[PDB]
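Peer 1: Provided herewith: final-v2.pdb, PDB, N, CA and C atoms.
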```pdb
ATOM      1  N   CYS A   1     -13.858 -31.223  51.710  1.00  0.00           N
ATOM      2  CA  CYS A   1     -13.071 -31.007  52.957  1.00  0.00           C
ATOM      3  C   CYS A   1     -11.794 -31.884  52.945  1.00  0.00           C
ATOM      4  N   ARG A   2     -11.280 -32.316  54.113  1.00  0.00           N
ATOM      5  CA  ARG A   2     -10.013 -33.062  54.238  1.00  0.00           C
ATOM      6  C   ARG A   2     -10.168 -34.561  53.922  1.00  0.00           C
ATOM      7  N   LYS A   3     -11.108 -35.236  54.599  1.00  0.00           N
ATOM      8  CA  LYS A   3     -11.287 -36.701  54.540  1.00  0.00           C
ATOM      9  C   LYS A   3     -12.293 -37.128  53.454  1.00  0.00           C
ATOM     10  N   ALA A   4     -13.391 -36.375  53.320  1.00  0.00           N
ATOM     11  CA  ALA A   4     -14.406 -36.510  52.268  1.00  0.00           C
ATOM     12  C   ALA A   4     -14.432 -35.255  51.375  1.00  0.00           C
ATOM     13  N   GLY A   5     -14.911 -35.382  50.132  1.00  0.00           N
ATOM     14  CA  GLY A   5     -15.068 -34.243  49.210  1.00  0.00           C
ATOM     15  C   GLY A   5     -16.226 -33.325  49.608  1.00  0.00           C
ATOM     16  N   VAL A   6     -17.394 -33.912  49.884  1.00  0.00           N
ATOM     17  CA  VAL A   6     -18.662 -33.193  50.151  1.00  0.00           C
ATOM     18  C   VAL A   6     -18.751 -32.565  51.552  1.00  0.00           C
ATOM     19  N   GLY A   7     -18.277 -33.307  52.555  1.00  0.00           N
ATOM     20  CA  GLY A   7     -18.448 -33.009  53.986  1.00  0.00           C
ATOM     21  C   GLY A   7     -18.393 -34.279  54.831  1.00  0.00           C
ATOM     22  N   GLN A   8     -19.543 -34.929  55.059  1.00  0.00           N
ATOM     23  CA  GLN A   8     -19.624 -36.267  55.664  1.00  0.00           C
ATOM     24  C   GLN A   8     -20.722 -37.152  55.016  1.00  0.00           C
ATOM     25  N   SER A   9     -20.614 -37.372  53.694  1.00  0.00           N
ATOM     26  CA  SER A   9     -21.381 -38.371  52.925  1.00  0.00           C
ATOM     27  C   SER A   9     -20.448 -39.129  51.956  1.00  0.00           C
ATOM     28  N   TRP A  10     -19.900 -40.233  52.470  1.00  0.00           N
ATOM     29  CA  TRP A  10     -18.822 -41.062  51.910  1.00  0.00           C
ATOM     30  C   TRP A  10     -18.867 -42.463  52.565  1.00  0.00           C
ATOM     31  N   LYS A  11     -17.956 -42.771  53.504  1.00  0.00           N
ATOM     32  CA  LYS A  11     -18.004 -43.974  54.360  1.00  0.00           C
ATOM     33  C   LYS A  11     -18.147 -43.676  55.880  1.00  0.00           C
ATOM     34  N   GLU A  12     -17.617 -42.533  56.347  1.00  0.00           N
ATOM     35  CA  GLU A  12     -17.629 -42.001  57.728  1.00  0.00           C
ATOM     36  C   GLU A  12     -16.922 -42.870  58.797  1.00  0.00           C
ATOM     37  N   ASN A  13     -16.825 -42.349  60.030  1.00  0.00           N
ATOM     38  CA  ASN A  13     -16.248 -42.994  61.222  1.00  0.00           C
ATOM     39  C   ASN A  13     -14.711 -43.120  61.105  1.00  0.00           C
ATOM     40  N   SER A  14     -14.017 -41.986  61.310  1.00  0.00           N
ATOM     41  CA  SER A  14     -12.538 -41.807  61.259  1.00  0.00           C
ATOM     42  C   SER A  14     -11.970 -41.881  59.818  1.00  0.00           C
ATOM     43  N   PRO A  15     -10.719 -41.453  59.534  1.00  0.00           N
ATOM     44  CA  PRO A  15     -10.208 -41.356  58.159  1.00  0.00           C
ATOM     45  C   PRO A  15      -9.989 -42.715  57.472  1.00  0.00           C
ATOM     46  N   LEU A  16      -9.799 -43.802  58.236  1.00  0.00           N
ATOM     47  CA  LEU A  16      -9.752 -45.175  57.717  1.00  0.00           C
ATOM     48  C   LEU A  16     -10.440 -46.156  58.678  1.00  0.00           C
ATOM     49  N   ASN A  17      -9.740 -46.606  59.728  1.00  0.00           N
ATOM     50  CA  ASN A  17     -10.195 -47.559  60.764  1.00  0.00           C
ATOM     51  C   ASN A  17      -9.072 -47.881  61.774  1.00  0.00           C
ATOM     52  N   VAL A  18      -7.881 -48.268  61.287  1.00  0.00           N
ATOM     53  CA  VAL A  18      -6.746 -48.700  62.142  1.00  0.00           C
ATOM     54  C   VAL A  18      -6.086 -47.506  62.856  1.00  0.00           C
ATOM     55  N   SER A  19      -5.829 -46.412  62.122  1.00  0.00           N
ATOM     56  CA  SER A  19      -5.205 -45.174  62.631  1.00  0.00           C
ATOM     57  C   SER A  19      -6.244 -44.075  62.889  1.00  0.00           C
TER      58      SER A  19
END
```
Using structure tokens, write down the structure that the file contains.

Peer 2:
Amino acid sequence: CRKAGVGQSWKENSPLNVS
């Protein structure tokens, strides 16, 4: 997908932290 490759199994909780 856009933020992760798989879906939502990566680091999660917004695209970084600050923005």

Peer 1: To one decimal in Å, tell me the separation between CA of residue 18 (chain A) and atom N of residue 5 (chain A).

Peer 2: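 Result for CA of residue 18 (chain A) versus atom N of residue 5 (chain A): 19.7 Å, one decimal.
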
Peer 1: Find the distance between CA of residue 15 (chain A) and atom C of residue 2 (chain A) and write it in Å to one decimal.

Peer 2: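 CA of residue 15 (chain A) sits 8.0 Å away from atom C of residue 2 (chain A).
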
Peer 1: What is the distance, in Å and to one decimal place, between atom N of residue 17 (chain A) and atom C of residue 1 (chain A)?

Peer 2: 16.3 Å
